[PDB]
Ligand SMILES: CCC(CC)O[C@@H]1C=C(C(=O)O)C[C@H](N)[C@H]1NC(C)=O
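Only one chain is given next, in structure tokens, and it is the form deposited without this ligand.
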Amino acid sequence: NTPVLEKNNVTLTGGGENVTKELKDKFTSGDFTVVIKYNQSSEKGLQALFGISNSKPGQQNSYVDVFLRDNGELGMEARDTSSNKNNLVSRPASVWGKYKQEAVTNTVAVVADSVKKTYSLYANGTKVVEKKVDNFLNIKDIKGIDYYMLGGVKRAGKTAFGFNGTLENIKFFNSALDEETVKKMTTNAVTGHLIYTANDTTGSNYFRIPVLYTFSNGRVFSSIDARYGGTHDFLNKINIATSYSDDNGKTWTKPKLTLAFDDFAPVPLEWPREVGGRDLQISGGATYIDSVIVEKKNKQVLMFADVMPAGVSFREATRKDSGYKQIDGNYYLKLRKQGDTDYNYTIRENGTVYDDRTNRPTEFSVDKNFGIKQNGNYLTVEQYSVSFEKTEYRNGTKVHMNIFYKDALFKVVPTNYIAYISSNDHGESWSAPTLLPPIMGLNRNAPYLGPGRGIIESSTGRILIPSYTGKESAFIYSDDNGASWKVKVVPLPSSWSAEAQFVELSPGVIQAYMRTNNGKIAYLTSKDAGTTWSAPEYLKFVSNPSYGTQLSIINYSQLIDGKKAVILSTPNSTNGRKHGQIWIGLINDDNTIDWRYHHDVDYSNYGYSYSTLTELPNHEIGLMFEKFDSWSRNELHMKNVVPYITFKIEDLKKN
């Protein structure tokens, strides 16, 4: 594989460079590969990295280019005027803009393969898109190609889509190179910011909902949603994966599955991004989603998660049943047996399944992972697989029958639950899950967790876990170091998806920062360790779309400008989930916050959705975030889009 042309350190501010002499008559087949290492000096406007065109008047629509948008989209066009053929292939959120005050160096590539009739695009080690098109065009197919340009496209004798930046290195090949060669050629520093990668140990092509936490030992812990049937919240097959770093985030463990069902296996699916397929979903699969981490005072770690039985969306879960039944003062999980209409059974002591009608134990029992036994032996069901030719079918593998499955003999109430697991070794191993009792009441479903961390209120030792119902905040708490759980339900002014996080301002004084349906971040204050809550106030410097986004806010252990500090991450834009910012807030003696500093994470039109902050052992700050707009139907089912970055406080002061 030898380049037909190579150029280096080409600095441009809109005007481009003519390379026609060097490239006219190099592309005999018509196929091509172009690999471009670049950085942008200005991201505004549509910019072409190179352009091969018919430059004569009348032939404005006869060209091939690779382009970048101010939102980080990478794409290509291949067009021919006289035949009115117009190919466009792209993927949102493909490149980085700026990082810590400097333009980021990216490496992207295009492959045009006339035998396969495909265009492929690569960015920073990932094949971001591959598309077979019917009206395929290569360089020879376009009539009268006479101009070859770096950093623009010559249309009707004028430069269009002028690039602003430096082409550090650009290589043209007169053939289609193979996938692994180009992935490798595009690998760079950007590629190293992934902790979870598509089709890693987890078997998932997709991830959403990152969480970071630092343990007392100096381990930095991460969890994430491993979402297997694309990035849909529901319906989907979702596991919680984890990974950790014992060296201040420089290196991470291979990801482990920590909360998982096996009614479907953990295997990679190629989820359609086209408008006609992207609404496809994995239907019948039990799920964990939305993790919350806290470390207790005794150094045991807790992790909570939402639990969804197979076929239960957030929208279709019954809201008028907890899934639990009260018998002689105790709460017990109800079960319906196949062929019954009513819920005649309960799980009591030792997981023994009781017939409530007779008040006698049956021969069935439920294990600590919700698996169903009969006379002490496991019942089985066939595992499902997914295939695209979409079809879901039984694959011949037997797994334990489970109360959360579609094919179970005994089934839970089709509603959402909360489960928690604990670790005595800083997240190397975990207990079996405990389903949370019906803290909201017997005739109400469980709340939904606000992903991220919980806190320990220093003065009382109260454990606080943020959650919400749709209409209320539900602050789940324990006053006996996690042996028992209660909830403070707080009515909100409207139907907020009130994903929240807590900070402590001073002893006894806490604030819950949350998403709303009004465009603002709300904060509620408690001066009695969470027992009662003030009316909401709103941050005046963040302005988001009405749907909102999850946020992250943490306490920071070191003084900044002599003051106690908190650190907030959120998008900040009414155009979408964009324009990520980190804000440093300094607490005053009266417990108001001086929001003194902010730092923009990349350019304002680049994507920034859910995020998580942690303080590193060395007092740097770790950030992981969805670097795309996770609301947009245009940015679903994207691979390798949740990076991790470390900041110094001095970095966060700038902007």
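Whichever C-alpha set is largest while still superposing within 1.5 Å between the two forms counts as the rigid core. Position 1 is the first residue in the sequence shown; the rest follow in order.
Could you tell me which of the two stretches, 255-263 or 311-319, has its Cα atoms lying farther from the shown structure in 4 other deposited structures of this protein after fitting on the rigid core?
Larger mean C-alpha displacement, comparing 255-263 and 311-319 in 4 other deposited structures of this protein, is found in 311-319.
Zero if continuous, otherwise a range: how many residues of the deposited sequence are missing coordinates between residue 328 and residue 329 (none, 1 to 3, 4 to 9, 10 or more)?
Per the record, no deposited residues are absent between residue 328 and residue 329.
Which wins on mean Cα temperature factor, 264-272 or 380-388?
Per the PDB record, 380-388.
Which is higher on mean Cα B factor in this entry, 72-80 or 415-423?
Going by the record's values, the stretch with the higher mean is 72-80.
Between 534, 126, 341, 518, which one tops the list for Cα B-factor in this entry?
Checking the PDB record, the top C-alpha B-factor among 534, 126, 341, 518 is at 341.
Return the residue from 462, 315, 91, 577 that has the highest Cα B-factor in the entry.
Result of the comparison over 462, 315, 91, 577: 315.
Can you work out whether the C-alpha temperature factor of residue 583 puts it in the lowest, middle or highest third of the chain?
Tercile = lowest for this residue's CA B-factor.
Ranked by Cα temperature factor within the chain, is residue 361 in the lowest third, the middle third or the highest third?
Highest third.
Among the modelled residues of its chain, does the C-alpha B-factor of residue 26 lie in the lowest, middle or highest third?
Within its chain, residue 26 is a highest-third residue by C-alpha B-factor, going by the deposited values.
Ranked by Cα temperature factor within the chain, is residue 51 in the lowest third, the middle third or the highest third?
Answer is middle: the recorded C-alpha B-factor places it there.
Place residue 67 in the lowest, middle or highest third of its chain's C-alpha B-factors, as listed in the PDB entry.
For residue 67, whose C-alpha B-factor we compare with every modelled residue in the chain, the answer is the lowest third.
The discussion below concerns the form solved in complex with this ligand, not included here.
For the chain seen here without its partner, which of 283-291, 455-463, 129-137, 506-514 has a heavy atom within 4.5 Å of this ligand in the entry with it bound?
Partner-contacting stretch among the options: 283-291.
If you check in the entry with it bound, do 233, 306 and 631 all have a non-hydrogen atom within 4.5 Å of this ligand?
Checked in the entry with it bound: all three residues contact this ligand.
How about residue 497 - does it come within 4.5 Å of this ligand in the entry with it bound, if we only consider non-hydrogen atoms?
Yes, residue 497 lies within 4.5 Å of this ligand in the entry with it bound.
Considering non-hydrogen atoms and a 4.5 Å limit, does this ligand approach residue 411 in the entry with it bound?
Contact with this ligand, no.
Flag residue 91 as yes or no: does it have a non-hydrogen atom within 4.5 angstroms of any non-hydrogen atom of this ligand in the entry with it bound?
Residue 91: no, not in contact with this ligand in the entry with it bound.
Even though this ligand is not shown here, does residue 468 get within 4.5 Å of it in the entry with it bound, heavy atoms only?
Yes, contact at 4.5 Å.
Please identify the residue among 372, 260, 209, 353 with any heavy atom within 4.5 Å of this ligand in the entry with it bound.
It is 209.
Work out which of 38, 32, 50, 610 lies within 4.5 Å of this ligand in the entry with it bound, going by heavy atoms.
Checking each option against this ligand in the entry with it bound, the one that comes within 4.5 Å is 610.
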